[PDB]
6 protein chains.
Amino acid sequence: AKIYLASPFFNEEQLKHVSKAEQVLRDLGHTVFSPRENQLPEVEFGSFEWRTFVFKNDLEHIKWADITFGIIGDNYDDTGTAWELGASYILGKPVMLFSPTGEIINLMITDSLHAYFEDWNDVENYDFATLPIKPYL
Amino acid sequence: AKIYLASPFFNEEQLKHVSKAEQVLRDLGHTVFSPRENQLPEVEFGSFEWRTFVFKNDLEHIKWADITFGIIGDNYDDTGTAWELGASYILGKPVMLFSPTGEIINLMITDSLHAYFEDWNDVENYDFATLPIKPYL
Amino acid sequence: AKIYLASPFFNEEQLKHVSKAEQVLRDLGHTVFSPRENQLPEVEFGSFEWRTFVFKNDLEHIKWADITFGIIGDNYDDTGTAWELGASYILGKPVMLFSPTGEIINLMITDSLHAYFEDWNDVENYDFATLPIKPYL
Amino acid sequence: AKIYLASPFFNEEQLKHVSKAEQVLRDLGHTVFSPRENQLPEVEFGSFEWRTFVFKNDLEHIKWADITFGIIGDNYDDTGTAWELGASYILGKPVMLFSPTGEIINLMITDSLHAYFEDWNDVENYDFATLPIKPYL
Amino acid sequence: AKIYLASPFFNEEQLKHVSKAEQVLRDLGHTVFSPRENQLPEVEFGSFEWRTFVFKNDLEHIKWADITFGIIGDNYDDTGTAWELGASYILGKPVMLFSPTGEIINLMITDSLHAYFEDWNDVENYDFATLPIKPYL
Amino acid sequence: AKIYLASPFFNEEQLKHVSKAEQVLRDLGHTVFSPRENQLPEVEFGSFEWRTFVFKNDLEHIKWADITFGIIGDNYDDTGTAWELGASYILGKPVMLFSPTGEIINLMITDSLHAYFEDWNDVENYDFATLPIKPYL
């Protein structure tokens with residue numbers, strides 16, 4: 001499948017999780033769009049133009065993807081990821097979530113997920129072809 | 001206009017801002033759905049029935065609304081609100097955002113909003129009929 | 001509210017229920033599109049032109065409506081109505097359903113409705129402005 | 001392609017048609033989601049929770065599919081299938097319909113189809129890659 | 001109704017038709033967003049900021065509108081207008097079209113419109129509340 | 001990928017560009033739907049029925065496609081193509097545009113594109129798998 005990796009990527013622990021998710025999913029044969037690899041170094045970093053193109057390229061890759069794969073733990077920086085999960089739900093993309101902390105996530109996110117994971121071995125054995133439901137409970 | 005009020009309401013400070021938003025928008029004549037008034041009275045709290053009905057009722061009222069009015073502050077509790085603004089954007093609802101702090105906001109949210117406010121008198125003078133653009137700058 | 005009245009209208013009993021729905025919803029001040037009043041006067045009945053315009057006009061009026069109000073009974077004629085409720089749900093129109101029989105209804109319909117009624121006085125007291133949830137239980 | 005099989009599956013004749021459709025389409029190399037194979041025996045059959053998850057998993061597989069393949073004859077149990085065909089149309093999925101009775105189907109269904117079949121040999125020779133229109137007439 | 005006025009406004013003749021449309025639709029009591037009044041006062045003309053805000057404000061006002069009212073004439077300048085009618089159609093906005101010339105129109109546009117006009121008195125008598133179909137013939 | 005080729009095809013220069021686009025994209029392994037190859041010679045050319053089925057089959061192939069690939073130059077016949085680009089944008093399809101004249105195209109089109117090309121060698125080296133943004137500037 002084509003997967004949009006929705007996760008922050010600004011500190012060491014966030015990068016650990018994104019890096020692993022890139023590795024697990026790509027090693028399964030999936031095409032993963034990971035926003036940290038597309039910083040758009042063609043316009044001025046942080047300009048209005050840069051903000052606009054980052055948004056447009058990320059949103060257009062959520063629409064391009066088959067599945068949105070999110071990562072949310074306790075690094076309370078989840079506002080961009082949360083937005084992209086909500087957008088993905090309305091766009092009709094199956095939403096998957098990996099939580100490293102295994103904590104309690106907001107109702108709107110958990111109720112919208114199609115598959116929820118807390119260990120990478122379960123992602124590695126999940127049937128992306130038939131896409132079985134694995135709800136948060 | 002019909003307005004969905006997207007905001008956390010889980011501690012005293014968040015409740016203060018929600019209360020002011022309800023009062024301001026309703027005194028302007030708008031019909032406001034405020035999720036805190038719709039915690040359902042009373043399916044057992046936290047049951048599967050309760051989680052389902054709250055999610056479904058909330059989402060249906062985003063769909064019913066003309067405009068989604070969000071409150072984003074210093075909260076690190078903005079996960080569900082951020083999700084509701086992403087859903088709203090895909091659903092084609094104009095997003096208005098109020099920030100009690102005036103801090104920097106994630107670019108997925110700032111690039112998705114139609115009008116941005118940092119004072120309630122600015123909301124009180126906004127032309128809801130014509131919906132002029134009021135971007136985050 | 002603008003209301004699309006989804007119901008069969010092909011025998012005397014179905015016509016009775018449609019007529020009562022028209023009267024009740026219109027006496028409440030709502031603007032009701034009733035497909036039986038829009039059989040088009042008169043492109044040749046059953047022509048390709050007639051089939052096209054009726055389909056297009058009906059679907060456009062589901063899109064124009066705020067709410068789709070359906071009548072599901074003992075009809076085994078509910079095919080087009082059921083189709084219109086599925087379309088309505090994806091289009092983000094709140095679905096209200098009235099069942100003259102109170103029998104068991106398919107779970108794709110019951111899990112898609114926002115308000116369920118078995119008596120017209122309950123419809124007469126429903127708050128259309130706030131659209132409270134009234135689930136099938 | 002990925003195909004959602006929309007059909008009842010509760011009596012012998014309905015099961016005959018679903019079984020054949022599973023067989024024909026899968027033998028062509030398509031990935032078929034057939035709701036009768038996913039009864040969700042992880043929660044209590046018939047509970048509110050079961051109804052909710054069946055709806056969510058079926059709807060999420062319509063969104064996952066490329067094409068919705070319906071079966072409608074004269075076994076007047078078509079209300080769930082009709083709903084899913086209407087949803088599929090608004091979601092933008094090409095809708096295909098196989099009718100064993102070859103009778104007259106409601107306007108909203110026939111006008112929404114992309115391909116209509118009355119014999120399995122025609123499905124077996126249809127070009128799913130180019131998806132030519134084969135309208136009901 | 002809220003109406004998005006889709007039309008070029010780049011020479012004297014196009015401006016004449018836009019002006020008459022504004023006057024007619026506003027004298028009927030409608031709330032009209034007219035893109036020529038929203039060239040933004042004044043982000044630098046033609047800047048990236050200006051191109052972004054105009055696009056975003058225009059699209060947001062198509063989403064805000066109940067109806068998109070288009071003017072298609074002898075213009076070979078109808079590119080953006082044609083784009084806005086295609087977007088409108090997918091967004092589920094009923095499309096009304098006025099042609100100052102009465103010439104032949106592309107079938108993607110004629111097969112997407114809900115009401116077609118060649119005289120302003122016909123627009124003045126149109127029932128906007130019920131939105132009757134008025135096809136291009 | 002599956003690509004919808006949005007372009008006029010009525011004069012020699014338009015046919016040159018469509019023919020080349022068919023050739024380049026298909027030689028890359030993409031499945032291209034080109035409307036000129038599907039004239040529907042099963043009903044009467046130019047009838048109402050023909051106009052209806054051409055629209056339905058073209059729209060249904062835009063929805064079937066992964067990407068919409070447009071061609072717009074100075075052959076001012078772009079009203080159907082413009083419509084299909086606007087529809088494709090709202091449907092969530094990445095929009096690509098090849099311009100032979102390399103001129104100035106309307107704001108709504110250029111701002112909506114994901115990839116813009118003026119030479120076929122660039123299309124031949126573009127990564128359709130990762131779909132990088134190549135904006136008009």
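Every chain is numbered from 1 and lettered A, B, ... according to where its sequence line falls, protein lines coming before strand lines.
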Enquirer: Compare all side-chain heavy atoms of D/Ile67 with those of D/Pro94 and state whether any distance is below 4.5 angstrom.
Expert: yes
Enquirer: Where the side chain of D/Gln23 meets the backbone of D/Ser19, is there a donor-acceptor pair that is under 3.5 Å apart?
Expert: no
Enquirer: Find out whether E/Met108 and F/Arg51 are in side-chain contact, i.e. whether some heavy atom of one side chain is under 4.5 Å from a heavy atom of the other.
Expert: no
Enquirer: Quickly, which of E/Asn106, E/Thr81, E/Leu85 forms a side chain to side chain contact (heavy atoms under 4.5 Å, CB included) with F/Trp83? Name it, please.
Expert: E/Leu85
Enquirer: Measuring from C/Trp64:CH2 to C/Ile3:CD1, what's the distance to the nearest 0.5 Å?
Expert: 8.5 Å
Enquirer: Please check: side-chain N/O of C/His30 versus main-chain N/O of C/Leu25, any donor-acceptor pairing under 3.5 Å?
Expert: no
Enquirer: Taking all atoms of both residues into account, what is the closest heavy-atom pair of C/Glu49 and F/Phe48, and its distance?
Expert: CA-CE2, 3.8 Å
Enquirer: Stepwise, does the side-chain contact (heavy atoms from CB on, under 4.5 Å) test hold for F/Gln39 with F/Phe45?
Expert: CA-CA 8 Å; F/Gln39 299 192 348; F/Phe45 295 95; 4.3 Å; yes
Enquirer: Just wondering, do D/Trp120 and D/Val123 contact through their side chains at under 4.5 Å, heavy atoms?
Expert: yes
Enquirer: Check whether D/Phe128 forms a cation-pi arrangement with F/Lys2 (NZ or CZ under 6.0 Å from the six-membered ring centre, at most 45° off the ring normal).
Expert: no
Enquirer: Check E/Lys93 with E/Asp66, please: is the shortest side-chain N to carboxylate O separation under 4.0 Å?
Expert: no
Enquirer: Tell me whether the rings of C/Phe33 and C/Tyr4 are parallel (<30°), tilted (30 to 60°) or perpendicular (>60°).
Expert: parallel
Enquirer: What distance do D/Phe69 atom CZ and D/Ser7 atom OG have between them, rounded to the nearest 0.5 Å?
Expert: 9.5 Å
Enquirer: If every non-hydrogen atom of A/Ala129 is compared with every non-hydrogen atom of D/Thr31, which pair is closest and at what distance?
Expert: O-CG2, 4.2 Å
Enquirer: So, for F/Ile62 and F/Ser88, which heavy atoms are closest and what is the spacing to 0.1 Å?
Expert: CG2-OG, 3.3 Å
Enquirer: For the pair D/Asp119 (side chain) and D/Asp122 (backbone), establish whether a donor and an acceptor sit closer than 3.5 Å, ignoring hydrogens and angles.
Expert: no
Enquirer: Around F/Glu44, counting heavy atoms of other residues, nucleotides and ligands shown, do more than 12 lie under 6.0 Å from its CD?
Expert: no
Enquirer: Give me the atom names and distance for the closest heavy-atom approach of C/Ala82 to D/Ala82.
Expert: CB-CB, 3.7 Å
Enquirer: Does CG belonging to E/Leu137 count more than 12 external heavy atoms closer than 6.0 Å?
Expert: yes
Enquirer: Can you give me the closest heavy-atom contact between D/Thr101 and D/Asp74, atom names plus distance?
Expert: CG2-N, 3.4 Å
Enquirer: Is it true that D/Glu118 and D/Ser99 share a donor-acceptor pair across their side chains at a distance under 3.5 Å?
Expert: no
Enquirer: Is C/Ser47 reaching over with its side chain to a backbone N or O of C/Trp50, donor-acceptor style, under 3.5 angstrom?
Expert: yes
Enquirer: Measure across D/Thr130 and F/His61 and return the closest heavy-atom pair with its distance rounded to 0.1 Å.
Expert: O-NE2, 2.7 Å
Enquirer: Assess C/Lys63 against E/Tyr89: is NZ or CZ under 6.0 Å from the centre of the six-membered ring, and within 45 degrees of the ring's axis?
Expert: yes
Enquirer: If you round to the nearest 0.5 Å, how far is OH of E/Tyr116 from CG of E/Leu97?
Expert: 7.0 Å
Enquirer: Could you check whether any side-chain N or O of E/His114 sits under 3.5 Å from a backbone N or O of E/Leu131, counting only pairs where one atom can act as donor and the other as acceptor?
Expert: yes
Enquirer: side-chain contact (heavy atoms from CB on, under 4.5 Å) for E/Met96 and E/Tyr126? Distances and angles first, verdict last.
Expert: CA-CA 11 Å; E/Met96 290 158 99; E/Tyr126 187 77; 3.3 Å; yes
Enquirer: Nearest 0.5 Å please: distance from the CG atom of D/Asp111 over to the NZ atom of C/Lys56.
Expert: 9.5 Å
Enquirer: For the backbone of D/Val32 and the side chain of D/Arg26, can you confirm whether one donor and one acceptor N or O come within less than 3.5 Å of each other?
Expert: yes
Enquirer: Any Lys/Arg nitrogen of C/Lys16 or C/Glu13 sitting under 4.0 Å from an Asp/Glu carboxylate oxygen of the other?
Expert: yes
Enquirer: Quick one, D/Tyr76 with D/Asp78, criterion side-chain hydrogen bond (donor to acceptor under 3.5 Å, both in side chains). Give me CA distance, side-chain angles, the key distance, then yes/no.
Expert: CA-CA 6 Å; D/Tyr76 311 117; D/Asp78 311 286; over 6 Å; no
Enquirer: Less than 4.5 Å apart, any side-chain heavy atom of C/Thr79 and any of D/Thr79?
Expert: no
Enquirer: Could D/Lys134 and F/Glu60 be called an ion pair, given the rule that one side-chain N must be under 4.0 Å from one carboxylate O?
Expert: no
Enquirer: Return yes when atom CD of F/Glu42 has more than 12 non-hydrogen atoms of other residues, nucleotides or ligands closer than 6.0 Å, and no otherwise.
Expert: no
Enquirer: State, yes or no, whether a side-chain contact exists between D/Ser34 and D/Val18 at a heavy-atom distance under 4.5 Å.
Expert: yes
Enquirer: Output the distance between atom CG (D/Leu59) and atom CD (D/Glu84), rounded to the nearest 0.5 Å.
Expert: 8.0 Å
Enquirer: To the nearest 0.5 Å, what is the distance between CZ (D/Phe98) and CG (D/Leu5)?
Expert: 11.5 Å
Enquirer: Please evaluate residues D/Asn57 and D/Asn38 with respect to the criterion side-chain contact (heavy atoms from CB on, under 4.5 Å), reporting the C-alpha separation (whole Å), side-chain torsions for both, the decisive distance (0.1 Å), and the verdict.
Expert: CA-CA 9 Å; D/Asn57 191 45; D/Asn38 315 85; 4.1 Å; yes
